[PDB]
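Novice: Give the three-dimensional model of this entry:
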Amino acid sequence: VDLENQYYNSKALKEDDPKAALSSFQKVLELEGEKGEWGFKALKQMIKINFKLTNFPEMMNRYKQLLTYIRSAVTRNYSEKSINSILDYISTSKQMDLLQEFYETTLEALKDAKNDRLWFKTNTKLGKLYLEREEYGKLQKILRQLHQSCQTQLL
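Specialist: Numbering: from 1, shown residues only. Now the structure:
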């Protein structure tokens, strides 16, 4: 059933250069997201190239496309590990001035009551970025959410 999508994802995975490869990953996505795990992996690679080389708003758009397979299609664990690894790559590469907005969009899309560590660790690291930003107003709202999540992590 998924025999085609696996091959097109594996074919677009090579190429080395992002030229014509991003459009091939877009073709993998265009083969409709019925599963759609392979579209998630295609976008994950598209993200992996986009913030590493040139343009950033396109990465924000494709990341917003990634934030749809959280509850449906792909499991919570694989999406959590993918988001965590991507956030670590951006944190090592670029600084707060881009990273903070991606953290904000991640928390804006994770509107789910079952998110325990998924909401917490992202809100905590955003709190650290807000501490580096010298913002204390919205940081109190972040700390209000974090304190109300309990009323290990409390410390």
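
Novice: any idea which residue sits dead centre in the protein?
Specialist: Taking Cα atoms, centre = their mean, the centroid of the chain lies closest to residue 83, which sits 4.1 Å from it.

Novice: Which residue, other than its chain neighbours, is closest to that one?
Specialist: Closest residue to residue 83 apart from its sequence neighbours, by Cβ to Cβ, 6 or more residues apart in numbering: residue 106 at 6.3 Å. Every C-beta, even on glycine, is put in place using the N, C-alpha and C of the backbone.

Novice: Is that neighbour in a helix, a strand, or coil?
Specialist: helix (DSSP: H, G, I helix; E, B strand; the rest coil).

Novice: Spell out which helix or strand contains the residue nearest to the centre of the chain, please.
Specialist: Assigned by DSSP states H and E, residue 83 falls within helix 76-93.

Novice: out of everything not next to it in sequence, what's closest to residue 52?
Specialist: The shortest distance from residue 52 to any non-neighbouring residue, by Cβ to Cβ, 6+ apart, is to residue 93 (6.8 Å).

Novice: where do the strands sit along this protein?
Specialist: Under the criterion DSSP state E, the chain carries no strands.

Novice: what's the burial count for residue 104?
Specialist: Residue 104 is flanked by 15 other residues according to other Cβ atoms under 10 Å.

Novice: Starting from residue 149, give me the distance back to it.
Specialist: For residue 104, the distance to residue 149 (Cβ to Cβ, to the nearest Å) stands at 18 Å.

Novice: so how many other residues sit close to the residue nearest to residue 31 when sequence neighbours are not counted?
Specialist: Once flanking residues are discounted, residue 31 sits nearest to residue 5: 5.7 Å by Cβ to Cβ, 6+ apart. Using other Cβ under 10 Å, residue 5 has 22 neighbouring residues.

Novice: cool, residue 62 as well?
Specialist: Residue 62 has 22 neighbouring residues, counting by other Cβ under 10 Å.

Novice: Quick check: it vs residue 3, distance?
Specialist: Relative to residue 3, and taking Cβ to Cβ, residue 62 is found at 25 Å.

Novice: With adjacent residues omitted, what lies nearest to residue 13?
Specialist: Nearest non-adjacent residue to residue 13 (Cβ to Cβ, 6+ apart): residue 45, at 6.5 Å.
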